[PDB]
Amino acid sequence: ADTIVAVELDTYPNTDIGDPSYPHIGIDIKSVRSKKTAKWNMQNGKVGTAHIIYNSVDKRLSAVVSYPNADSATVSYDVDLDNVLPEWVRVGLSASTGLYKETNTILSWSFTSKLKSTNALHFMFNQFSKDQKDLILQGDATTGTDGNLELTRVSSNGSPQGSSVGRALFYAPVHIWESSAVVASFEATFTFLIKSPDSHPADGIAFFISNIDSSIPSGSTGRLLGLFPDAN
């Protein structure tokens, strides 16, 4: 299977696989069962912002998710990604729906990675286009509708669909660690709009780092968030 490190914005509690009883953010290291979670007050229909940071000095993967004029949710986990990820990776966004659904709309995404002694990569999307050749779209993901990235299927009348999964990966491989680097760092930011007509939205959005040849695991709709083939 793929090697996945992810930050999940998990809108739907799957208590059977160790989710807390509330919408949460989490740090996922090679398992959908987060190594760490924080409670997340997800605001239906509101634009939120996720910030993800890591550096090879502290070896601490951290995230902050916020809405205008509300308290942030934050989660951190000590992990040496040199011992988890391959040296070269792709970075991406993933989302899913299941029996419950939501829009998984990405309005902007930026990423920066640096290896110092310096090598750098930076991309910034504030606008997504119909045929965006620097993104690899997988599954139900589409670009160009209102200049946004729709990770999961939305009908012609604007309703999100159930049992949908989709992902967007940046086209170039990323050099995420190097044995001779004195300092390696990355940061990701994205803005998102999760909207549900139902009482209960599902399933969430994740930022993820994977082996370069990563693909959506077959059947990874719902609680698997397009990242894992099973709930182990």
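The numbering used is simple: start at 1 and walk along the sequence shown.
K.L.:
From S117 to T118, how many deposited residues does the entry skip: none, 1 to 3, 4 to 9, or 10 or more?
P.N.:
4 to 9 residues are missing.
K.L.:
Would you tell me which stretch averages the higher CA B-factor in the PDB entry, 76 to 84 or 103 to 111?
P.N.:
Mean C-alpha B-factor is greater for 76 to 84.
K.L.:
On average, which has the higher Cα B-factor in the deposited entry, 138 to 146 or 90 to 98?
P.N.:
For C-alpha atoms only, the mean B-factor is higher in 138 to 146.
K.L.:
Among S62, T49, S199, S164, which carries the highest Cα B-factor?
P.N.:
Highest C-alpha B-factor among the listed residues goes to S199.
K.L.:
From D203, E178, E187, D28, which pick has the Cα B-factor that tops the rest in the entry?
P.N.:
Max CA B-factor in the entry, restricted to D203, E178, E187, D28: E178.
K.L.:
Can you tell me whether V32 has a C-alpha B-factor in the lowest, middle or highest third compared with the other modelled residues of the same chain?
P.N.:
Within its chain, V32 is a middle-third residue by C-alpha B-factor, going by the deposited values.
K.L.:
Based on the deposited C-alpha B factors for this chain, I'd like to know if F208 is in the lowest, middle or highest third.
P.N.:
CA B-factor rank for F208: lowest third.
K.L.:
Looking at the C-alpha B-factor of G219, is it in the lowest, middle or highest third of its chain?
P.N.:
Its C-alpha B-factor belongs to the lowest third of this chain's values.
K.L.:
Can you tell me which third, lowest, middle or highest, the CA B-factor of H122 falls into for its chain?
P.N.:
For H122, the deposited C-alpha B-factor lands in the lowest third.
K.L.:
Using only modelled residues of the chain, where does the Cα B factor of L193 rank: lowest third, middle third or highest third?
P.N.:
CA B-factor rank for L193: middle third.
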